[PDB]
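# Per-entry structural report
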Amino acid sequence: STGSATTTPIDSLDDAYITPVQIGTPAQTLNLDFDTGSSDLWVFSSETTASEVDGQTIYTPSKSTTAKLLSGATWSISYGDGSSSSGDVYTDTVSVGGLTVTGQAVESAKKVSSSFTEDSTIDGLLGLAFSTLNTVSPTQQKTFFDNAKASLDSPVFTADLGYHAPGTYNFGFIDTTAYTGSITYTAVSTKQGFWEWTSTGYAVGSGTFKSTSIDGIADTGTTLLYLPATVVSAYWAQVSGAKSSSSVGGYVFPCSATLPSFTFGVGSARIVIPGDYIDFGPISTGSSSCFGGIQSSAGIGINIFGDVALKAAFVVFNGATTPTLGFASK
């Protein structure tokens, strides 16, 4: 089997991407944030505290003839950005882009933090990291990908995120028309439950490439590119007037600037992030200070190749017995 679904930016900055997902019978379509940095599929639901729902589409298990309470199971998750959610668990039929999993754990939110409530466009998350990170207790549950894997033509999914445009998540096949040149594959460590890999270095603009190992995670659920302070300082030093602002919470730059590109290494290959991808616009409406898309990972504890990086590539998440990651230009 295979599946193919379009993923769409939630706003003009590509702050996140949503992908329609069919849950239950008859289908209830919710727009979920596919997140390769976590491993829970959770939704706004008829059980979500009413004051914490503000425009989201909800899953109502009682209206699904295939929903079954997973008795005794609860979940609770906290994300890197400080947001959180928790609740109980149903199993139900879940389809993405024509690919169907029966008996998928669908985690129904009873509570969500303010960041989720305030984002009316995201109806939940669909985690695509390794199932060892799944938070369901007392019986950990498998991700959608893990459940689908055996049925897939090939045990892979791909992320092809757009810049200010829709893109595609494919399951079970590599669309050879969706990228240019070749796909460069690189080793993955699953020790922390993430799609963790080591970039071979970076360049800023037309500058020379610096060969240096940068361990980080491929994370579709993180907006920005978080890298070591040394690397980030070297980038922003090439933008006149750029500075790190503790008050704003990172590097900002004059909105009048033209940003340089940023290149990262994948083995001997190179992925170029155009400067425009690094512009996250005015810090507040009407401001001439703009927020940078490359930020320090210091004090996150891990480097994160988020959407800023991934949307510059066609990315293969290979879930073979020995997982790997592939990157191609596009």
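The deposited coordinates, according to the entry record, derive from X-ray crystallography at 1.2990 Å resolution.

Moving on, we come to the overall build of the chain. Broken down by element type, the chain carries 4 helices and 24 strands. Over its C-alpha atoms the chain spans a radius of gyration of 20 Å, differing by no more than 12% from the 20 Å that the globule rule assigns to 330 residues. Taking the principal axes of its C-alpha atoms as reference, the chain extends roughly 60 × 45 × 30 Å. A fraction of 66% describes how many contacts in the chain between residues 6 or more apart in sequence connect residues 24 or more apart.

With respect to topology, 4 strands assemble into an open sheet ordered β15-β16-β20-β19, the strand pairing being antiparallel. Among the strands making up the open sheet, the edge pair consists of β15 (243–245) and β19 (279–282). Averaged over all pairs of adjacent strands, the angle between strand axes in this sheet comes to 40°, irrespective of strand direction. Alignment of β15 against strand β16 (residues 250–254), held across 3 bridges, turns out to be antiparallel.

Before going further, it helps to spend a moment on the UniProt feature "active site" in the chain. Residues annotated in UniProt with the feature "active site" correspond here to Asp35 and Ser199. You can see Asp35 is positioned in strand β3 (residues 28–35). Looking at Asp35, the relative accessible area reads 4%, which means it is buried. Not counting residues within four places of it along the chain, the set of residues in contact with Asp35 comprises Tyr79, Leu125, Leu126, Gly127, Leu128, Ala129, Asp219, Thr220 and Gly221. Its location among the elements puts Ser199 in strand β12 (residues 196–204). Judged by relative accessible area, which is 1%, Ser199 ranks as buried. Every residue in contact with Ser199, bar those within four places of it in the chain, is listed here: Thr212, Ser213, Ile214, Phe264, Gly265 and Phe305.

The full count for this structure, using the stated rule, is 1 disulfide. Bridging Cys255 to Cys290, the disulfide has an S-S length of 2.1 Å. Taking the sign of the S-S torsion, 110° for the link of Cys255 and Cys290, the bridge is right-handed. Residue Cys255 is found in the loop between β16 and β17 (262–266), and its partner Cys290 is found in strand β20 (residues 289–292); the two are separated by 35 residues along the sequence.

For strand β2 (residues 17–23), the buried fraction is high: 5 of the 7 residues fall into the buried class. Examined bridge by bridge, strand β1 (residues 3–9) and β2 share 2 bridges and lie antiparallel to one another. Within the sheet, the bridge partner assigned to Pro9 lies in β2 and is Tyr17. Bridging between β2 and β3 involves 5 bridges; their strand directions are antiparallel. Bridge pairing in β3 places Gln22 opposite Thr29.

What follows covers the packing of aromatic side chains. Counted under the stated rule, the structure contains 25 aromatic pairs. On the basis of an interplanar angle of 5° and a centroid distance of 4.6 Å, the ring pair of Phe157 and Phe317 is categorised as stacked. Of the two residues, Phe157 sits in strand β9 (residues 156–160) while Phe317 sits in strand β23 (residues 314–318), which places them 160 residues apart along the sequence. Residue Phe157 is classed as buried on the basis of its relative accessible area, which comes to 0%. Residues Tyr235 and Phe262 carry aromatic rings whose centres are separated by 6.1 Å and whose planes lie at 70° to one another, so their mutual orientation is edge-to-face. Note that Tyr235 is positioned in helix α3 (residues 229–236) and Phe262 in strand β17, a separation of 27 residues in sequence.

Below, the discussion takes up the domain arrangement of the chain. According to the domain assignment, the chain consists of domain 1 (5–174) and domain 2 (175–330). Taken over C-alpha atoms, the centre of domain 1 sits 25 Å from the centre of domain 2. Of the residues lining the interface, 30 residues belong to domain 1; the matching set on domain 2 comes to 33 residues. Breaking the side of domain 1 that touches domain 2 down by element, the ones donating at least two residues are β3, β9 and β10 (167–171). Its residues assigned to classes, the side of domain 1 that touches domain 2 comprises 18 nonpolar, 6 polar and 6 charged.

The rules behind these values
- Residues numbered from 1 in each chain as written, not as in the entry; some residues may be left out.
- Heavy atoms only, no water.
- Residues with missing side-chain atoms left out of burial classes, pairs and counts.
- Helix = DSSP H or I, 4+ residues; strand = E, 2+ residues; numbered from the N terminus.
- Rg over C-alpha atoms; globule rule 2.2 N^0.38 Å.
- Contact = heavy atoms within 4.5 Å.
- Pairing = 2+ DSSP bridges.
- Axes fitted to C-alpha atoms, helices over the stretch in contact; angles between N-to-C directions.
- UniProt positions renumbered as here; feature names shortened; annotations may be inferred.
- Buried < 20%, exposed > 50% of the residue type's maximum accessible area, 1.4 Å probe, protein only.
- Disulfide = S-S within 2.5 Å.
- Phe/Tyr/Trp six-rings, centres within 6.5 Å; stacked < 30°, edge-to-face > 60°.
- Domains from an automatic or database assignment.
- Nonpolar A, V, L, I, M, F, W, Y, C, P; charged D, E, K, R; others polar.

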